[PDB]
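Enquirer: Dropping the structure in here first, questions after.
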Amino acid sequence: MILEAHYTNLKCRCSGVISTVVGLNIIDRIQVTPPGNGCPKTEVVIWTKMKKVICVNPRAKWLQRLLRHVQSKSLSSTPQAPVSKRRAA
């Protein structure tokens, strides 16, 4: 997912808020809308790859996982080999 941060002032149209957990693979873009003058509320607009415009609340706990995941680019390595010595022929 591409995290967008916009400060462009306009009448922000996002259809309410929905707490439906959206599929991480189909999540195209998560755009944060700060509580602007032309915008009615603080709105997080999730576009999907299927081109459905989904609106979610900024206080959604499942969303907070994603917001705290996208600020972690440096993962831990894998020393743990998932392939041990298998049986011979």
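Scheme for the structure tokens: letters A, B, ... for chains in order shown; per-chain residue numbers from 1; ligand numbers from 1 in order shown.
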Please identify every residue of segment 2-30 of chain A that has at least one atom no farther than 8 Å from an atom of segment 47-58 of chain A, counting only C-alpha atoms, and for each give the shortest atom pair and the distance in Å to one decimal, arranged by chain then increasing number, as a Markdown table.
Expert:
```
| residue | atom | partner | partner_atom | distance |
| --- | --- | --- | --- | --- |
| A:14 | CA | A:55 | CA | 5.9 |
| A:15 | CA | A:55 | CA | 6.0 |
| A:16 | CA | A:55 | CA | 6.2 |
| A:17 | CA | A:56 | CA | 4.4 |
| A:18 | CA | A:56 | CA | 4.8 |
| A:19 | CA | A:56 | CA | 6.0 |
| A:20 | CA | A:56 | CA | 8.0 |
| A:26 | CA | A:49 | CA | 5.3 |
| A:27 | CA | A:48 | CA | 4.7 |
| A:28 | CA | A:48 | CA | 4.7 |
| A:29 | CA | A:47 | CA | 5.1 |
| A:30 | CA | A:47 | CA | 6.6 |
```
Enquirer: Could the residues in this selection be written to a file with C-alpha atoms, as a PDB file, in the first residue's frame?
Expert:
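Final output, selection-v9.pdb:
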```
ATOM      1  CA  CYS A  14     -15.251  10.474   1.597  1.00  0.00           C
ATOM      2  CA  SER A  15     -18.422   8.354   2.180  1.00  0.00           C
ATOM      3  CA  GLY A  16     -18.563   8.208   6.028  1.00  0.00           C
ATOM      4  CA  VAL A  17     -16.309   5.727   7.910  1.00  0.00           C
ATOM      5  CA  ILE A  18     -16.283   1.871   7.710  1.00  0.00           C
ATOM      6  CA  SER A  19     -14.474  -0.437  10.255  1.00  0.00           C
ATOM      7  CA  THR A  20     -14.388  -3.340   7.698  1.00  0.00           C
ATOM      8  CA  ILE A  26      -5.995  -5.358  -2.378  1.00  0.00           C
ATOM      9  CA  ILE A  27      -5.215  -2.133  -0.374  1.00  0.00           C
ATOM     10  CA  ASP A  28      -3.815   0.170  -3.116  1.00  0.00           C
ATOM     11  CA  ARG A  29      -3.530   3.536  -1.289  1.00  0.00           C
ATOM     12  CA  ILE A  30      -4.199   4.838   2.271  1.00  0.00           C
TER      13      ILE A  30
END
```
Enquirer: Using DSSP on the backbone, list every residue of chain A that comes out as alpha helix (DSSP H), and give them as a count of residues only.
Expert: 9
Enquirer: I'd like to know which residues of chain A are strand (DSSP E) (by DSSP, run on the backbone); could you write them as a ChimeraX atom specification?
Expert: /A:2-5,27-33,43-48,53-56
Enquirer: Would you work out the distance separating atom CA of residue 42 of chain A from atom CA of residue 4 of chain A, expressed in Å to one decimal?
Expert: 14.0 Å
Enquirer: Identify, on the basis of only C-alpha atoms, every residue whose closest approach to residue 61 of chain A does not exceed 10 Å; exclude the query and any residue fewer than 5 positions from it along the same chain; express the result as a list in words.
Expert: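 Surrounding residues, per the criterion: residues 19, 21, 66 and 67 of chain A.
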Enquirer: Store the residues of this selection in a file with C-alpha atoms, as a PDB file, in the first residue's frame.
Expert:
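In the end it all went to selection-v7.pdb:
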```pdb
ATOM      1  CA  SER A  19     -14.474  -0.437  10.255  1.00  0.00           C
ATOM      2  CA  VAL A  21     -10.900  -4.924   7.705  1.00  0.00           C
ATOM      3  CA  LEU A  66      -0.966  -0.916   9.310  1.00  0.00           C
ATOM      4  CA  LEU A  67       0.046   2.712  10.193  1.00  0.00           C
TER       5      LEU A  67
END
```
Enquirer: Between A:1, A:24, A:70, A:10, single out the one closest to residue 37 of chain A, counting only C-alpha atoms.
Expert: A:10
Enquirer: Could you jot down the atom CA of residue 62 of chain A to atom CA of residue 80 of chain A separation for me, Å, one decimal place?
Expert: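 Result for atom CA of residue 62 of chain A versus atom CA of residue 80 of chain A: 28.4 Å, one decimal.
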Enquirer: One decimal, in Å: what's the spacing between atom CA of residue 8 of chain A and atom CA of residue 22 of chain A?
Expert: 25.6 Å
Enquirer: Using only C-alpha atoms, which protein or nucleic acid residues come within 9 Å of residue 12 of chain A? Drop anything in the same chain fewer than 2 positions from it, and give the result as a list in words.
Expert: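 Answer for this query is residues 9, 10, 14, 33, 36, 38, 39, 40, 41 and 43 of chain A.
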Enquirer: Restrict the selected residues to N, CA, C and O atoms and save them as a CSV table (one decimal), in the first residue's frame.
Expert:
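Result saved to result_4.csv:
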```
chain,number,residue,atom,x,y,z
A,9,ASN,N,-6.2,21.8,0.3
A,9,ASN,CA,-7.5,22.3,0.8
A,9,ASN,C,-8.6,22.2,-0.3
A,9,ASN,O,-8.5,22.8,-1.4
A,10,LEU,N,-9.7,21.5,0.1
A,10,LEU,CA,-10.9,21.3,-0.8
A,10,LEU,C,-12.0,20.7,0.0
A,10,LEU,O,-11.8,20.3,1.2
A,14,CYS,N,-15.5,11.9,1.3
A,14,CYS,CA,-15.3,10.5,1.6
A,14,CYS,C,-16.5,10.0,2.3
A,14,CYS,O,-17.0,10.6,3.3
A,33,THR,N,-6.4,12.4,5.5
A,33,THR,CA,-6.9,13.7,5.4
A,33,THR,C,-7.0,14.3,6.8
A,33,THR,O,-7.9,13.9,7.6
A,36,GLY,N,-9.3,19.5,8.0
A,36,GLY,CA,-9.3,20.8,7.3
A,36,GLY,C,-10.6,21.6,7.3
A,36,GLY,O,-11.6,21.1,7.9
A,38,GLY,N,-12.4,22.9,4.6
A,38,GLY,CA,-13.4,22.5,3.6
A,38,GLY,C,-13.8,21.0,3.8
A,38,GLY,O,-14.8,20.6,3.2
A,39,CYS,N,-13.0,20.3,4.6
A,39,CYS,CA,-13.3,18.8,4.8
A,39,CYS,C,-14.0,18.7,6.1
A,39,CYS,O,-13.7,19.3,7.1
A,40,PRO,N,-15.1,17.9,6.2
A,40,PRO,CA,-16.1,17.8,7.3
A,40,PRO,C,-15.4,17.2,8.6
A,40,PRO,O,-15.8,17.6,9.7
A,41,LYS,N,-14.6,16.2,8.4
A,41,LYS,CA,-13.9,15.5,9.5
A,41,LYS,C,-12.5,15.0,9.1
A,41,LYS,O,-12.1,15.2,7.9
A,43,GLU,N,-10.5,12.2,7.8
A,43,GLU,CA,-10.9,11.1,6.9
A,43,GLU,C,-9.7,10.3,6.4
A,43,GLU,O,-8.7,10.9,5.9
```
Enquirer: Counting only C-alpha atoms, figure out which residue out of A:84, A:31, A:72, A:78 gets nearest to residue 5 of chain A.
Expert: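 The shortest atom-to-atom distance to residue 5 of chain A comes from A:31.
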Enquirer: Counting only C-alpha atoms, which residue out of A:59, A:74, A:79, A:86 sits closest to residue 44 of chain A?
Expert: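 With only C-alpha atoms as the atom set, the closest residue is A:59.
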